[PDB]
**Q** 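Take this structure, written in structure tokens, and hold onto it; I'll ask about it next.
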Amino acid sequence: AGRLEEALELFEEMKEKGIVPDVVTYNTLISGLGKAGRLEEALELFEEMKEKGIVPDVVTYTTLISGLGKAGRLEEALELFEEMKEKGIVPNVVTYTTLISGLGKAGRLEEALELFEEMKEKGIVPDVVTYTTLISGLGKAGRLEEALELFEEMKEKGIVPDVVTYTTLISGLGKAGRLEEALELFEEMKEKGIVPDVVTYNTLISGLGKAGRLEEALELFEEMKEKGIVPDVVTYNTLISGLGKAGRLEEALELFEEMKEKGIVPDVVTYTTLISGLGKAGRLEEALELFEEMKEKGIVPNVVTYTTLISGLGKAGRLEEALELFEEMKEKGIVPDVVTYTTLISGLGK
């Protein structure tokens, strides 16, 4: 039960009656307090048991360190960990894992790695949490090659990686343009029965899109849909941006229609790529319809949107409409630039 207040009341009573509490009494209470996040009181009882000649054990220390770890009190958890080792108390996997997770989360990777080396030397065997924690930590720091080396090591030790491990690595590799390796980890992940998620697919599609390998990006987009994975605003913007750069305007407009059909909300980036694409193609009636639609949908145009339409309208001799959008642009607080002015001056001077 979570009846801690009564447990504490009974503890006060036994001490008044002259009954001496033992390691069991203290461990239960400290464990109860640690689980309730009442760590100042858990630490008072730990000090009290020590003064009373009661000797703490692995459970006492692990409960306190777990509790202080969950409270963001990392420096105090590391101090108790040094203390437990001085008293000859042997730390276990839980102790090492809670500390490495805390250190990892704080970006204290040199110390997280020293504790990981130490647990191996003391015969403590790391598990999926130990490795995942370190991989995530190293990943966030840009320390990708070190993360990859621990991934190789974890597999040699028969520790099975999960979605988190793979997704952290694929993300880091895709960001660095190391696509062939990202794709290799993706193939391995599926082969081992690990199920990719929206994060796995979006990273690879972003990566492939930014490298202009769009047929592959589209193949993976089709695959995620067949696998029951749901594309989001990022998946769609990446593909639209990618196909837009490739001059594949009609396919980018078809995905834009698809995304709205699936209730995915397009942003300023989606609308802009399309408006520029259409503008560049002289498809001004359609660029203007999308411009009207983004306003009805709450999407606020910026200087690129206005410039594209002005440059577009200008090139088509549609000068009075270009001038009207120029006025609107200034009414809406968007600041014109060299391009906006030079486009209008050309058309007017012509």
Side-chain angles (χ1 to χ4, degrees), residues 1-120 122-138 140-141 164:
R3 302 171 78 169
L4 241 193
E5 273 316 304
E6 299 157 78
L8 288 160
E9 281 173 14
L10 235 23
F11 172 71
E12 295 169 336
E13 187 188 296
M14 81 185 288
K15 292 186 295 172
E16 294 305 340
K17 301 283 175 283
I19 317 301
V20 193
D22 60 28
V23 70
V24 191
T25 322
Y26 282 103
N27 278 37
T28 305
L29 292 166
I30 286 157
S31 181
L33 291 162
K35 287 190 178 296
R38 294 166 67 168
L39 289 132
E40 280 302 285
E41 192 157 13
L43 288 165
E44 287 181 347
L45 292 193
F46 175 68
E47 177 178 74
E48 178 185 293
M49 85 192 281
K50 283 195 287 180
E51 293 182 357
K52 291 257 148 203
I54 309 303
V55 184
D57 57 32
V58 213
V59 178
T60 325
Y61 281 104
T62 300
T63 289
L64 285 167
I65 292 157
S66 285
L68 293 153
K70 291 182 191 182
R73 297 219 261 168
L74 193 53
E75 211 51 45
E76 283 159 273
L78 293 162
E79 287 180 73
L80 280 184
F81 168 75
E82 289 163 327
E83 179 190 299
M84 106 188 262
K85 287 181 299 171
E86 290 301 342
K87 309 267 197 178
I89 309 296
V90 187
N92 71 323
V93 59
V94 176
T95 316
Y96 279 105
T97 293
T98 297
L99 297 171
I100 287 161
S101 165
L103 288 166
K105 203 197 165 181
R108 292 221 241 162
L109 306 170
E110 285 297 288
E111 193 163 7
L113 287 164
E114 291 167 353
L115 286 199
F116 173 73
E117 186 184 47
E118 181 183 300
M119 80 192 285
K120 285 160 155 192
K122 300 284 185 75
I124 317 301
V125 193
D127 61 27
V128 208
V129 192
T130 331
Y131 281 108
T132 293
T133 293
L134 291 160
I135 298 316
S136 305
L138 287 160
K140 289 183 180 71
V164 181

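Basis for what follows: all heavy atoms, side chains included, without hydrogens, waters or symmetry-related copies. One is the number of the first residue; the rest follow in order along the sequence.
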**Q** In the structure I gave you, are the side-chain heavy atoms of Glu48 and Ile54 within less than 4.5 Å of one another anywhere?
**A** no

**Q** Under the ring-ring contact (aromatic ring centres under 6.0 Å, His included) definition, can you give me all pairs with a residue in residues 74-115, not counting sequence neighbours?
**A**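 Of all non-adjacent pairs touching residues 74-115, those that pass ring-ring contact (aromatic ring centres under 6.0 Å, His included) are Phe81-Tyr96.
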
**Q** State the CG-CG distance between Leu80 and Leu64, to the nearest 0.5 angstrom.
**A** 6.0 Å

**Q** Which heavy-atom pair separates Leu68 from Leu39 by the least distance, and what is that distance?
**A**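 The pair with the smallest heavy-atom distance is N-CD2, 3.6 Å.
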
**Q** By salt bridge (charged side-chain N to carboxylate O under 4.0 Å, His left out), which residues pair with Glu6, not counting sequence neighbours?
**A** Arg3

**Q** For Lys35, give me all partners under salt bridge (charged side-chain N to carboxylate O under 4.0 Å, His left out), at least two apart in sequence or on another chain.
**A**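 Salt bridge (charged side-chain N to carboxylate O under 4.0 Å, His left out) list for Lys35, sorted by chain: empty.
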
**Q** Can I get a per-line list of side-chain donor-acceptor pairs under 3.5 Å for residues 86-94, giving both atom names and the distance, sequence neighbours left out?
**A**
| unit_1 | atom_1 | unit_2 | atom_2 | d |
| --- | --- | --- | --- | --- |
| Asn92 | OD1 | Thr95 | OG1 | 2.9 |

**Q** Residues two or more places apart in sequence or in another chain: which of them pass side-chain hydrogen bond (donor to acceptor under 3.5 Å, both in side chains) with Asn27?
**A**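 Listed in chain order: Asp57, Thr60.
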
**Q** Looking at every heavy atom in both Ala112 and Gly104, which two are closest together, and how far apart are they?
**A** CB-N, 4.3 Å

**Q** Apply side chain to side chain contact (heavy atoms under 4.5 Å, CB included) to residues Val164 and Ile135 and explain how you reach the verdict.
**A** CA-CA 9 Å; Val164 181; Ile135 298 316; over 6 Å; no

**Q** Please test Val23 against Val55 for side chain to side chain contact (heavy atoms under 4.5 Å, CB included), starting from the C-alpha separation and ending with a verdict.
**A** CA-CA 7 Å; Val23 70; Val55 184; over 6 Å; no

**Q** Listed by chain and number, what are the salt bridge (charged side-chain N to carboxylate O under 4.0 Å, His left out) partners of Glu114, not counting sequence neighbours?
**A** none

**Q** Nearest 0.5 Å please: distance from the CG atom of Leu43 over to the CD atom of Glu47.
**A** 8.5 Å

**Q** Closest approach of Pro56 and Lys50, non-hydrogen atoms and distance?
**A** CG-CG, 3.9 Å

